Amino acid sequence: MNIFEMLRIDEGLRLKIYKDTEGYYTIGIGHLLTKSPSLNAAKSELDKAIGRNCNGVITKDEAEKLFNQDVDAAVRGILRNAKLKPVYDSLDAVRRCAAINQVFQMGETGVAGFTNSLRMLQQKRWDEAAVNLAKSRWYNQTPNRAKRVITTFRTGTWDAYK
């Protein structure tokens, strides 16, 4: 298992514009296109990202390209963040995948506000961090997926991804 397969499991793959769990226009492998509710704004963003007139539909290769760029950006985002960087670098490889997953789903922002959890993860207080992580809107809104990520942080293994 690696970050790609893990996220592909958590986000799925769709080739036509769709609304995410929050109701925002998205496409491919969880690539958010816009928070605005104008489908047209979404389509414009799509053409801009892909570089062609898509008309709301892409190919798998295209989706995959977006996914690559998005994984990359997330990691980079982590590394450039001063509150994040240090925690990330203290983790083993599996748990780092769980960190990238959260950033991919919620933005560097959204994460940067899990201060107490971050500290716990940094001190390597696994069970504590897991309980604290669950006390969040994130776990309450997307509990199955949050469960998987939390187990991953808790255990350092891929068991939740089976």
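Note that residue numbering begins at 1 and tracks the sequence as displayed.
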Report the stretch with the higher mean CA temperature factor, choosing between 41 to 49 and 132 to 140 on the basis of the entry.
41 to 49
Higher mean Cα B-factor in the deposited model: 55 to 63 or 91 to 99?
55 to 63
Hey, out of 123, 115, 109, 69, whose CA B-factor is highest in the deposited coordinates?
109
Against its chain's modelled residues, does residue 6's Cα B factor rank lowest, middle or highest third?
lowest
Would the CA B-factor of residue 29 place it in the lowest, middle or highest third of its chain?
lowest
